[PDB]
């Protein structure tokens, strides 16, 4: 249907525009609109173009010291990894995830530190044996080292468990 095709081209046009803005709310909306295109016509050239736009916006959201922006950046980039593994876009997506995790690890809150471990753990499993994986393990260690200072017994248990898997996943 030609009307559907023009509807999705409109979404993509607007997504491209919003991705050019520094405003987090514009960036988040650009991700939403582009993802609608991918959802309606998977595997199409329109959908593949949309993943580039999603990545551009995620790139920008990853820099912000806003925990909500960073979470969105992780979820968005992780979707590019799943859908374009045969493209260099997937590598840039993993680098974006790592940038976001590092940023989360800086935030003064345990829920953010937990999010950093969770994000970096994605990178370990989706690029084992690489420098990205090794850097991700360092972030998990650093974040775990920060969770250690928290008084909560549950956070302290999480930090220990995180440090344990890092050791076992590294060489002797």
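In the working numbering, the protein residues as written are 80 to 251. Heads up, the beta-carbon is just placed ideally off N, CA and C, and yes, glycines get one too.
Output the distance between the C-alpha atoms of residue i and residue j, rounded to the nearest integer angstrom.
i           : j           : result
residue 93  : residue 218 : 36 Å
residue 215 : residue 82  : 45 Å
residue 87  : residue 111 : 13 Å
residue 108 : residue 173 : 21 Å
residue 132 : residue 113 : 7 Å
residue 85  : residue 101 : 27 Å
residue 206 : residue 245 : 15 Å
residue 181 : residue 195 : 7 Å
residue 156 : residue 118 : 15 Å
residue 208 : residue 170 : 14 Å
residue 234 : residue 221 : 14 Å
residue 249 : residue 210 : 12 Å
residue 227 : residue 122 : 44 Å
residue 99  : residue 204 : 32 Å
Does DSSP put residue i in a helix, in a strand, or in coil?
i           : result
residue 197 : helix
residue 317 : Any answer about residue 317 is impossible in this case: the structure gives the chain only from 80 up to 251.
residue 240 : helix
residue 206 : coil
residue 186 : coil
residue 235 : helix
residue 146 : helix
residue 103 : helix
residue 141 : coil
residue 62  : Residue coverage of the chain in this structure runs from 80 to 251, which leaves residue 62 outside it and unanswerable.
residue 94  : helix
residue 158 : helix
residue 88  : helix
Under 8 Å, do residue i and residue j count as touching if we go by C-beta distance?
i           : j           : result
residue 168 : residue 159 : yes
residue 103 : residue 134 : no
residue 225 : residue 192 : yes
residue 136 : residue 179 : no
residue 258 : residue 115 : In the structure displayed, the chain extends from 80 to 251; residue 258 sits before or after that span and is not available.
residue 202 : residue 176 : yes
residue 145 : residue 189 : no
Hey, residue i and residue j are a contact pair by Cβ (cut 8 Å); roughly how many whole angstroms apart?
i           : j           : result
residue 241 : residue 223 : 4 Å
residue 140 : residue 162 : Contact flag wrong, Cβ pair sits at about 18 Å.
residue 186 : residue 198 : Not quite, the Cβ-Cβ distance comes to about 12 Å (not below 8 Å), so this is no contact.
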